[PDB]
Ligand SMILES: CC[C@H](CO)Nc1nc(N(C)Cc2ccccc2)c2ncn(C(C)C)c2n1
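Just one chain follows, in the form deposited without the named molecule, and it is written as structure tokens.
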């Protein structure tokens, strides 16, 4: 049995943060302990939203409860969007302390930054977070899933080509994480302008045998929320099964992603009218109805080894 401590947002309706990460990990066999950093009615993609936030002190209280009961033994820690540097700093303390009892604990981090839609009632992420991610978070993270924009901020470098991306990924490796996956980029894929390009790199430490891969997925014509959280949660599961094969781990992860999105866009267009654009409420991920696809995804993409 593998136990995951996931600390992310919670929404009453829809799927983002912990809502997008718990069901997938559960059906995949993981014991998930969920700390909801916030509780909103829905995500910020809607016109309205109401809810309450948890401060670093409250986060500490919860962790203390687990500690007092001697049940603070985890195999994985998983975090994502956060817009409070004080909260984020608290997370690092918790991870460090946990890695103390279990040097084998794996910390999966998705360093969210920018004007992204989230489930924490926020319209943006304060710039004062970059230095916390850069100097405290990344150094203790084992698997990180930044997008191109985030990868650039973390390394202070810009990416103009596939070769530069690989260089930035190497810079991230030296900062700490043995596995780095750039989930989406602006790089033009050789397959076509309609494909989204993702890059992956894993340092398997004994010299460092580095496995690098590239993946191209056809873009779906719509804006989704929570996809990044779903990605990170599934990558966690699949890397656990294929600890030394980033290629397979990413192929199953991205395949699932495809099935869920296809089912989601089909149902969204069916519920809205003819020629009517689906609304964010209609675009909520069809998580429950994708159970079989998440459990065992039919591979639909092939990762090319670089």
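Positions refer to the first chain, counted from 1. Rigid core: the largest C-alpha set superposing within 1.5 Å between the two forms. Shifts are known only where both forms have a C-alpha.
Just so it is clear, the following notes concern the form solved in complex with the named molecule, a form of the same protein that is not shown.
The binding site of this unliganded chain is blocked: after the named molecule is superimposed from its pose in the deposited bound form, three or more of its atoms come within 2.4 Å of the backbone or C-beta atoms.
Mapping the unseen interface onto this chain, residue 143 falls outside it, with no heavy atom inside 4.5 Å of the named molecule in the deposited bound form. The named molecule is not shown here, but in the deposited bound form it comes within 4.5 Å of a heavy atom of residue 16.
Contact annotation for residue 38: at least one heavy atom lies within 4.5 Å of the named molecule in the deposited bound form. Contact annotation for residue 11: at least one heavy atom lies within 4.5 Å of the named molecule in the deposited bound form. With the partner omitted here, the stretch from 22 to 30, 268 to 276, 240 to 248, 39 to 47 that lies within 4.5 Å of the named molecule by heavy atoms in the deposited bound form is 39 to 47. Of the residues given (107, 81, 74, 133), 81 alone sits with a heavy atom within 4.5 Å of the named molecule in the deposited bound form. Put simply, of 213, 159, 90, 225 only one has a heavy atom within 4.5 Å of the named molecule in the deposited bound form, and it is 225. Taking the named molecule as it sits in the deposited bound form, the stretch 91 to 128 comes within 4.5 angstroms of it through a non-hydrogen atom at 112, 124. Of the residues 173, 157, 117, 134, just one CA atom moves 2 angstroms or more between this form and the one not shown under rigid-core superposition; it belongs to 117. The Cα-Cα distance between residue 58 and residue 122 is lengthened by 3 Å or more in the deposited bound form relative to the form shown here. In the deposited bound form, the Cα atoms of residue 145 and residue 121 sit 3 Å or more nearer to each other than they do here. Taking residues common to both forms and aligning the rigid core, Cα displacements of 2 Å or more over three or more consecutive positions between this form and the one not shown occur only in 114 to 124.
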